[PDB]
């Protein structure tokens, strides 16, 4: 029925510009107010801007005022967001949204969102380091081992174990953004201590932006 | 209160 | 700007129980409160609009009440699909403002973490950096404190934590804490320790290693 489809997002340098578009279907576009709302990674919702049916009357959050411009083309069912002088903290998923009534910007329909990443970092593949099982792993008990996937940009990376054959007990953590502007994450798995000398554990790491594909065998460290 | 316009007039 | 204060930030309940979620505003917004549900990876969904109006298609177990400064979203009996994050939004004035969210999560019995510490690999050291990793595995509730110690000196400012979502099978969390040091700094110490405080542990558990040991 009602669809809102965003496009135009991507990676940009601080100081740079992007223009988002949202193309709508399933309602008479010119009769509705529209808004942009964003969500920074791991954070809540934040309203960015709104525009009235006629496309002249506009509203902005203080965070973006003077840098972002909302506009619409009623003959194309399209909403725009011109984003200038971008900053790292503008990084977020941007959603196109519809005001649910003729007198309110409260949102009923939302697009799937478009990701905007503002960073001066360059594309870089991770180094993958073993998190080796402890030599003190309990006899007949449970051991932990893993892989540290360090210093990559941009998101995302994927990690599997034993080419997808090992899934039980695996925890792959959300990446963290380091002060360097690069990401790191860890993936771990718990396994029987009794398996450490005979079973093979391999983390399969893929970072598509850099064409980095690494398999790291994680084993007890020899002494 | 209601400091905004949604439907242009 | 109008501030919306949602509480509690986390609501821990079981399927079948009544959920009560509060949103308080810094000024009277009449009845222009709206409530959203959001699931991981998904766009929010409008549940209740201005005037505590239940949206068409939304199950009857959701209801909004209150006006002025104190608003409530009630889920009469939680279904499994209702464990999610909920946001309130005022549409009384611009700028439009949201509460910071309430996560409705699955309550379960107390589970202590198992704890593991990992030294930096030789290959990482070769490159000029040392990351030390502490894992807290399969614990509940979420509250957990990790304190890094280096030759018994408490560390601050040089670690970062990350946490998984509640496990689909056992409703526990896992957490990793990473202590990041220069290679030079790593190599002027002997004992690296992770101390874990969690209410499921009768007293804190420490895992440690000595640099250069098997």
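Taking label positions 7 Å along the Cα-Cβ direction at both residue A:85 and residue B:7, the computed distance is 3.6 nm, reported to one decimal. Ranked by the mean number of other Cβ atoms within 10 Å of their residues, highest first, the peptides C:58-70, A:112-124 come out as A:112-124, C:58-70.
On a per residue basis, the convex hull of the C-alpha atoms belonging to segment A:120-223 measures out at 105 Å³. Calculated FRET efficiency, residue C:197 to residue A:75, Cβ-Cβ distance, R0 = 60 Å: about 0.45 to the nearest 0.05. Secondary structure note: in the protein assembly as shown, about 95% of the DSSP beta bridges are antiparallel.
How large is log10 of I(q)/I(0) for segment C:109-214 at q = 0.24 Å⁻¹ when the intensity is taken from the Debye formula with one equal scatterer per alpha-carbon? The computed values of log10 I(q)/I(0) come out as -1.27. Once the Cα-Cα distance is subtracted from the 0.36 nm per residue extended length, the residue A:13 to residue A:58 segment shows a gain of 13.5 nm. Residue exposure proxy: A:22, A:223, ordered by other Cβ atoms within 10 angstrom of their Cβ from fewest to most, comes out as A:223, A:22.
Figure legend: label point modelled 7 angstrom from the Cα of residue C:60 along Cα→Cβ; residues of segment C:2-34 with amide N under 20 Å from it are C:16-20.
For the protein assembly as shown, adding -39500 (n - 2.57) for each run of n ≥ 4 DSSP H residues and dividing by the number of residues yields -500 deg cm²/dmol at 222 nm. Shape descriptor for the protein assembly as shown: Rg over Rh equals 1.02 (Cα atoms; Rh from the Kirkwood inverse mean 1/r). Going 7 Å from the Cα of residue C:169 in the Cα-to-Cβ direction, what parts of segment A:132-159 have a backbone nitrogen less than 20 Å from that spot? Flagged as within label range: A:140-147, A:159. Legend: mean number of C-beta atoms from other chains within 10 angstrom of residue C-beta atoms, peptide A:177-190, equals 3. When restricted to Cα atoms, segment C:6-146 yields an Rg and a Dmax of 20.4, 63 Å, respectively. Within 10 Å of the Cβ of each residue in C:10-20, the mean number of Cβ atoms contributed by other protein chains is 0.
For segment C:82-131 versus segment A:150-223, the inter-centroid distance based on Cα atoms is 20 Å.
Counting Cβ atoms of other protein chains within 10 Å of each residue's Cβ and taking the mean over peptide A:45-54 gives 5.
The calculated Kirkwood hydrodynamic radius for chain A is 20.2 Å, given to one decimal from all distinct C-alpha pairs.
A quick note on method: Cβ atoms are made from the backbone with ideal geometry, for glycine too, and the neighbour counts reach across all protein chains shown. The numbers here are math on the coordinates, done by the rules we state, and not lab data.
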